[PDB]
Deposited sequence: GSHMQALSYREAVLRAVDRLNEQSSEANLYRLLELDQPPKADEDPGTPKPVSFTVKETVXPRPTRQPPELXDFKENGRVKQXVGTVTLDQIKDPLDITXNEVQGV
């Protein structure tokens, strides 16, 4: 369960790697067993930090009128998420 949340956080970081959007996204909301990958659903929201920034997303304020994405797929507790913009 702590591994879970932490892996979601790592997925947000990787999304920020594979991105070419201008700004870092950060976790907005986290929605709802042998070792097999675990299903994740969460949202992310755009921040005021430009994308090439070694500051963790969580130190970056959310951007007013920042795009929101709903992300779904899996994580291993030890990439395969697609995000689509919320309307």
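Exercise. Could you sort out which parts of the deposited sequence are absent from the coordinates (no C-alpha) and give them as ranges from 1?
Key: In sequence order, the gaps with no modelled C-alpha are 1-5, 38-43, 90-94, 104-105.
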